[PDB]
Amino acid sequence: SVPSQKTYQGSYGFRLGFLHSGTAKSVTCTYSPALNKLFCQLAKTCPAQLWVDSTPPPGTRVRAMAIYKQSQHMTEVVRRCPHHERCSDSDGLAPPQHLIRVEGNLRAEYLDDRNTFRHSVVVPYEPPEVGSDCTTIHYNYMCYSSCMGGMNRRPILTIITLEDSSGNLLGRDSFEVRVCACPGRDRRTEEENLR
Ligand SMILES: [Zn+2]
C-alpha cells in the first residue's frame, strides 16, 4: 500500500508553516513555497511549525513519515542507506534505520509498522506556549537524497499527520524534501528552473 498524501485541514484547521531562511550559500535548512519543497543538510535541524484554528483534544499526536514522490517507487519503504544505518549515530531513541528523527523530545516514539513495514516518528501534540501562536517540531533527516542503496537520488515527500489517540486521521499536510550539501544553491537552482 501507499499512505495518502492528500492535504486535509480537518476540523481543527491543521496546516504546516516554515521559517523564511533565505538561500545564502551557508543556509542549513530552507523552504521553497513555490516548490513546496524543503532543502536541508544532513542531520541538521529542520523546524516545522504546526498551525491550528482551534486546539485539538488532549492525546492528539503528530506523526511524520517519508514516502518516495515518484509513483513507480511509492511502494518502496523509505529508509536510511546501507552505510548510514550502520554508522552508530543513534540518539538512543531513534532506530538506526529511520530516515526521520525528532530532536529534543523525550516523548518521541518511533514506529516500524508491523503490516506495511514503513517507518514513522510520532510525538504528542502540544498547544502553543504563552505568547506563541504555533507549536514547532524540530526534525532531522539522516541520509542524503543521493545516498546509494538508499534514497538513491529519488525525491521523497514527508507526510505530517495530526491524529487522535487511536491513530485516526484528524489532519494532514506534506512537502517534498531534498537532503543535500548546499540547500541554498539547490533551492535557487530549482526555483530558477521553475521560472
Ligand atoms: Zn545515507
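Residues numbered from 1 in each chain as written, not as in the entry; some residues may be left out. Heavy atoms only, no water.

By the method listed in its record, X-ray crystallography, this PDB entry was determined to a resolution of 1.8 Å.

Q: Requested: an account of the overall build of the protein chain, with residues and values cited.
A: Counting its regular elements, the protein chain contains one helix and eleven strands. Written out in order from the N terminus, the α and β elements of the protein chain read β-β-β-β-β-β-β-β-β-β-β-α. Radius of gyration (C-alpha) of the protein chain: 16 Å, near the 16 Å computed for a compact globule of 195 residues. Counting only C-alpha atoms, the protein chain reaches 40 × 40 × 30 Å along its principal axes. Out of the 195 residues in the protein chain, the part that is buried amounts to 45%. Long-range pairs, those at least 24 residues apart, make up 68% of the contacts in the protein chain with a sequence separation of at least 6. Accessible area for the protein chain stands at about 10,000 Å²; split by element, carbon and sulfur atoms hold 48% of it. Averaging the locations of the 23 positively and 20 negatively charged side chains of the protein chain gives two centres separated by 6 Å. (Helix = DSSP H or I, 4+ residues; strand = E, 2+ residues; numbered from the N terminus. Rg over C-alpha atoms; globule rule 2.2 N^0.38 Å. Buried < 20%, exposed > 50% of the residue type's maximum accessible area, 1.4 Å probe, protein only. Contact = heavy atoms within 4.5 Å. Areas by Shrake-Rupley, 256 points an atom, 1.4 Å probe, with all protein chains shown as cover. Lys, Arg positive; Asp, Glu negative; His and termini not counted. Charge placed at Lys NZ, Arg CZ, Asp CG, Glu CD.)

Q: Go over the UniProt feature "binding site: Zn(2+)" in the protein chain with me, naming the residues and quoting the values.
A: The positions that UniProt labels "binding site: Zn(2+)" are, in the present scheme, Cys 81, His 84, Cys 143 and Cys 147. Taken together, the annotated residues stretch across 67 residues yet fold into one region, lying no more than 8.7 Å apart by C-alpha. Among the structural elements, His 84 can be located in the loop between β5 (61-68) and β6 (100-102). Leave out the neighbours within four places in its chain, and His 84 touches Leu 42, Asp 89, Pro 96, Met 142, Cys 143 and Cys 147. In contact with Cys 143, other than residues within four places in its own chain, are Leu 42, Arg 80, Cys 81, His 84, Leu 99, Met 151 and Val 179. (UniProt positions renumbered as here; feature names shortened; annotations may be inferred.)

Q: Break down unusual backbone geometry for me, citing the residues and quoting the values.
A: Look at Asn 36: it is not a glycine, yet its phi comes out positive at around 50°. Looking at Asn 36, the relative accessible area reads 31%, which means it is partly exposed. We note that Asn 152 has phi near 55°; this positive angle belongs to a residue other than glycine. Counting through the fold element by element, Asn 152 comes out in the loop between β9 (135-141) and β10 (156-163).

Q: Any details on the coordination of the zinc ion? Residues and values, ideally.
A: Donor atoms from the polypeptide that coordinate the zinc ion comprise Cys 81 (SG), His 84 (ND1), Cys 143 (SG) and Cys 147 (SG), at 2.0 to 2.4 Å from the metal. Counting the intervening residues between successive donors of the zinc ion yields the motif C-x2-H-x58-C-x3-C. Judged by relative accessible area, which is 11%, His 84 ranks as buried. (Donors = N, O, S within 2.8 Å, 3.2 Å for Na, K, Ca; no water.)

Q: Which residues make up the sheet that holds strand β4 (residues 46-51), and what values go with them?
A: Pairing is antiparallel across the open sheet formed by four strands, whose spatial order is β1-β4-β9-β6. With one partner strand each, in any of the chains shown, β1 (15-17) and β6 form the two edges of the open sheet. Adjacent strand axes in the sheet meet at a mean angle of 40° when their direction is disregarded. Relative to β4, β1 runs antiparallel, the two being bridged by three bridges. (Pairing = 2+ DSSP bridges. Axes fitted to C-alpha atoms, helices over the stretch in contact; angles between N-to-C directions.)

Q: Before we move on, can you summarise the pairing of β4 with the specific residues and values?
A: With five of its six residues buried, β4 lies for the most part within the structure. In terms of strand pairing, β4 meets β9 through five bridges, oriented antiparallel. Bridge pairing links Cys 46 to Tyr 139 in β9.

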